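Undergrad: Okay, here's the structure, questions in a sec.
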Amino acid sequence: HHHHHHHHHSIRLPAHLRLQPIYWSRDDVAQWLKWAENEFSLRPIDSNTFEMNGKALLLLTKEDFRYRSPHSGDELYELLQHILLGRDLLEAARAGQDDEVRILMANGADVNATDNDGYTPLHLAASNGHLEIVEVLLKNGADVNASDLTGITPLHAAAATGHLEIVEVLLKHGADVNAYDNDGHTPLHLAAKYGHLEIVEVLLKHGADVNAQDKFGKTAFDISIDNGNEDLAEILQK
Ligand SMILES: [Cl-]
Ligand SMILES: [Cl-]
Ligand SMILES: [Cl-]
Ligand SMILES: [Cl-]
Ligand SMILES: [Cl-]
Ligand SMILES: [K+]
Ligand SMILES: [K+]
Ligand SMILES: [K+]
Ligand SMILES: [K+]
Ligand SMILES: [K+]
Ligand SMILES: [N+]
């Protein structure tokens, strides 16, 4: 157990590009070209070769990109596709649209797509209780331990929200039972905070450190007492 990070190789967009491409302004298109040239080590791109907004970019075909940028146009086109499909997959995972998740993966969506808060599809499916999507994403190679910008992993999310079956599946697929977020909380702390006694028991059986202390100086036992949950306090003592 450790402080996890984003999945290495996932596309993480800069601040001006947090919105969906349909909302990109003319300025945002120019910023995207500059960011892409650096992130992907491309030949120099003249910003005046795409004098348009994001809606316009979305109408261009790959051939149009190549005409505008012989050296990098196809890469820019595929980068935009990855951004679009990644968002589609994040949304389908959040919403519990099992078929759409399957279809998007068959069409090349990145299983480790990451939004601007660092959430992956697996994190959104875990938080929202969508067990079948968690299983599909894991079967497609999702990073079980990739954490959001606050250090929260999928296992943290499932433990906090009370989805025991998802907790079990994540553990079976290698989730770090002792992952710590930026406030020093482990999954055990969050299961205790939200009163999920059965999850506490599973985490303990899989090696959770009952004595882990968060940045406020508290263990899971302390959190349970703070909430007046003597049921949970007793499990943690015994
Ligand atoms: Cl160019
Ligand atoms: Cl081609
Ligand atoms: Cl064309
Ligand atoms: Cl994305
Ligand atoms: Cl007590
Ligand atoms: K990286
Ligand atoms: K950002
Ligand atoms: K497109
Ligand atoms: K393509
Ligand atoms: K399983
Ligand atoms: N289990």
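When we count neighbours, we look across all protein chains shown, and the Cβ atoms used for this are built from the backbone with ideal geometry, even at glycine. Values quoted throughout were computed directly from the atomic coordinates according to the rules given, and no laboratory measurement underlies them.
Undergrad: Given the criterion more than 30 Å from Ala125 (Cβ to Cβ) and either in contact (Cβ under 8 Å) with a residue 24 or more places away in the chain or small (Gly, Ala, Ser) (or both), identify the matching residue among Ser41, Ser10.
TA: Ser41
Undergrad: Another question, if that's okay. Is there any pair linking a residue in segment 54-83 that is in contact (Cβ under 8 Å) with a residue 24 or more places away in the chain and more than 16 Å from ligand 5 (Cβ to nearest atom) to one that is among the hydroxyl-bearing types (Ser, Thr, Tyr) and assigned to a loop (DSSP other than H, G, I, E, B), with Cβ under 7 Å and at least six apart or on different chains, and which?
TA: Partner pairs satisfying both residue conditions: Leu76/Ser69.
Undergrad: If we keep just the residues of segment 161-170 that are surrounded by 21 or more Cβ atoms within 10 Å (Cβ to Cβ) and either polar (S, T, N, Q) or without any contact (Cβ under 8 Å) to a residue 40 or more places away in the chain (or both), which is farthest from ligand 10 (Cβ to nearest atom)?
TA: Pass one, segment 161-170, residues surrounded by 21 or more Cβ atoms within 10 Å (Cβ to Cβ): 163, 166-167, 170.
Remaining after also requiring either polar (S, T, N, Q) or without any contact (Cβ under 8 Å) to a residue 40 or more places away in the chain (or both): 163, 167.
Numbers: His163: 14, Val167: 12 Å.
Filtering segment 161-170 for residues that are surrounded by 21 or more Cβ atoms within 10 Å (Cβ to Cβ) and either polar (S, T, N, Q) or without any contact (Cβ under 8 Å) to a residue 40 or more places away in the chain (or both), the one farthest from ligand 10 (Cβ to nearest atom) comes out as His163.
Undergrad: Which of the residues that make up segment 116-157 are among the hydrophobic types (A, V, I, L, M, F, W, C) and touching a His at 6+ places or on another chain (Cβ under 9 Å)?
TA: Pass one, segment 116-157, residues among the hydrophobic types (A, V, I, L, M, F, W, C): 122, 124-126, 131, 133-134, 136-138, 142, 144, 146, 149, 152, 155, 157.
The answer is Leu124, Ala126, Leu131, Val134, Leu138, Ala142, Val144, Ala146, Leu149, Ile152, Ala157.
Undergrad: Which number in (1) among the basic types (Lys, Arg); (2) closer than 18 Å to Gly174 by Cα; (3) within 16 Å of ligand 7 (Cβ to nearest atom) marks the one condition that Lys139 misses?
TA: All conditions pass for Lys139, except number (3).
Undergrad: Let me ask something else. Taking segment 11-61 on its own, how many of its residues are closer than 20 Å to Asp88 by Cα and not β-branched (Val, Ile, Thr)?
TA: Here the count works out to 20.
Undergrad: Just checking, how many residues over segment 1-25 are in contact with a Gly (Cβ under 9 Å, 6 or more places away or on another chain) and of a type in the set (D, E, K, R)?
TA: 1
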